[PDB]
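For the sequence shown, the positions run 37 to 197, 206 to 482 when PDB author numbering is used. In this text, a Cβ means the ideal position worked out from N, Cα and C, and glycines have one as well. Structure first, then comments.
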Amino acid sequence: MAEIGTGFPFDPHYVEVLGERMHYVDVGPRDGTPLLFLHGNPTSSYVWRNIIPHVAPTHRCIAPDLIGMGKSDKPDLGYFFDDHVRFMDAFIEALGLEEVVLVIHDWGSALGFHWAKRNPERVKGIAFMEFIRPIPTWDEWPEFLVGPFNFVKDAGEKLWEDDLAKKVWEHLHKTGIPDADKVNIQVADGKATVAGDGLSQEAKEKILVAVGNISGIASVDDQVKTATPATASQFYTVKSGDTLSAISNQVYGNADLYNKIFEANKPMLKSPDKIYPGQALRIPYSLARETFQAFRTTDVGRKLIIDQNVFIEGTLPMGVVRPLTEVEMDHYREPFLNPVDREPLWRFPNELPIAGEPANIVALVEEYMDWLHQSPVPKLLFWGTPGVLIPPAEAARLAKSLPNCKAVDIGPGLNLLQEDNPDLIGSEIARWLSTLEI
Ligand SMILES: [K+]
């Protein structure tokens, strides 16, 4: 219940690493065991801005921008994980760090765990969140369920007591359902067919739900040919007594993602109070199978992430429960204003260890998971609900599996837990350091 700062009031520091300049934050005292904060994709040290001030009064905090990100230089690299390994190894040695406490997130966690496995004597504790683990099968993530889609026939807008299809299309047009101009409608015995192509997955889902939410429409036959889908939702039927908060609790496991559901159902839904029993709503998956399937290709994936900047304009806001402000979005946008600079954002999801590929990353991540499961190193695991990379059920398993591990529930959270509860994360790190022997 407190304001979250947007500013980045850290003096810039730069250091030569393998002939390139890396930017880093360096605050706090000069001489103790330092904390090394490692960010992931598509962030920078900016993601740590509201955590570090909880620790900097008593401990040195070092937060680098990965090569090719933040304010670091942008060499002509493929930006494979191994590139990041080489630069981060050289960064640590260029600063003369000996012993460290790691605080790591997302791809920063693969860097930190891989460095800790190789240098276990130099790691005094690891705080981590929304981290990389091997995913054995694609069915770890949900997929868009294929139609036909069934609706509560009598529920929705009454358009009446060839004619039916026209009233449906004009209703989509008048209510401003995006890309209604691209679809045509057929209605027969309460069954609607929606046909078209060139629609995004989001636009198609909004059209499908809007057609189903007409009084007298019992089912919608889905003939809408999309681009390659890069997100997906489930369809939820509103019950009597429902609120968006109750629906969020049921589907996401936490009530505080209510505004995500509201936003996902505009323009057809005008305010949260206006849901009605029998209404269908789209509820975006926290992480759809479609997303990394689309990203992990050299045609669709590069068009989305390089040409359209989807990791910054779409995926990043979907990784935060609260709405990011324009000031915050601009800080995240700044290193990637040129598309030619977006290579790391595409290579990173293509390095994720999913279903055996890429083999080198799968092996390396299994290796540091094996190390972590037998290591007595102090561990602090932050998790949120519903999560993205680490859902609550996985967090619970790891809290019991990992030795010497304290787990902290931060409340609602997706991928950037630092953007949803920085005060809890910073103050829990600060209290945990006193148990480390540093
Ligand atoms: K209906």
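How many angstroms separate the CA atom of residue i from the CA atom of residue j?
| i | j | result |
| --- | --- | --- |
| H90 | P273 | 41 Å |
| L216 | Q230 | 13 Å |
| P311 | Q267 | 22 Å |
| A236 | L288 | 27 Å |
| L138 | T281 | 44 Å |
| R169 | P397 | 7 Å |
| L460 | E166 | 8 Å |
| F123 | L72 | 15 Å |
| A271 | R158 | 49 Å |
| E193 | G106 | 49 Å |
| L195 | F185 | 20 Å |
| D374 | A232 | 49 Å |
| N155 | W84 | 24 Å |
| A332 | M362 | 11 Å |
| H59 | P420 | 32 Å |
| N448 | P422 | 5 Å |
| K269 | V182 | 12 Å |
| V452 | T342 | 38 Å |
| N394 | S145 | 16 Å |
| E463 | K211 | 44 Å |
| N465 | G455 | 8 Å |
| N303 | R386 | 30 Å |
| residue 29 | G260 | Residue numbering for the chain in the displayed model covers 37 to 482; residue 29 lies beyond these limits and cannot be assessed. |
| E246 | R346 | 19 Å |
| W213 | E197 | 17 Å |
| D112 | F380 | 15 Å |
| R340 | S292 | 30 Å |
| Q418 | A99 | 28 Å |
| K248 | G256 | 12 Å |
| residue 204 | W143 | Here the chain is numbered 197 followed immediately by 206, so the structure offers no position for residue 204. |
| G297 | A290 | 10 Å |
| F46 | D101 | 13 Å |
| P316 | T219 | 17 Å |
| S244 | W476 | 46 Å |
| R441 | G457 | 18 Å |
| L360 | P435 | 17 Å |
| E410 | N404 | 10 Å |
| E134 | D118 | 22 Å |
| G55 | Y82 | 24 Å |
| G43 | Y376 | 12 Å |
| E334 | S471 | 36 Å |
Taking 7 Å as the cut-off, is the CB of residue i close to at least one heavy atom of ligand 1?
| i | result |
| --- | --- |
| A191 | yes |
| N257 | yes |
| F187 | yes |
| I356 | no |
| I261 | yes |
Looking at residue j and residue i, is the spacing between their C-beta atoms short of 8 Å?
| i | j | result |
| --- | --- | --- |
| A130 | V53 | yes |
| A191 | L424 | no |
| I221 | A254 | yes |
| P388 | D351 | no |
| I140 | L74 | yes |
| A276 | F180 | yes |
| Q278 | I327 | yes |
| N77 | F355 | yes |
| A92 | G64 | yes |
| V227 | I258 | no |
| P172 | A399 | yes |
| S108 | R57 | yes |
| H150 | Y320 | no |
| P70 | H49 | no |
| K160 | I482 | yes |
| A239 | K189 | no |
| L446 | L468 | no |
| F187 | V264 | yes |
Let me check you understand the geometry: is the CB of residue i closer than 7 Å to at least one non-hydrogen atom of ligand 2?
| i | result |
| --- | --- |
| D101 | This structure simply doesn't include ligand 2; it includes ligand 1 instead. |
Ignoring anything shorter than 3 residues or poking outside the stretch 427-472, list the beta strand (DSSP E) runs there in chain order. 449-457
Output the residue ranges of the alpha helix (DSSP H) runs that lie fully inside the stretch 310-339 and measure 4 residues or longer, sorted by chain position. 333-339
Length at least 3, wholly inside the stretch 47-108: the beta strand (DSSP E) runs in chain order: 49-53, 56-63, 71-74, 97-100
Which ranges does the alpha helix (DSSP H) cover as unbroken runs of at least 4 residues, wholly within the stretch 261-308, from first to last along the chain? 288-296, 302-308
Segments assigned beta strand (DSSP E), at least 3 residues, entirely inside the stretch 356-436: 423-430
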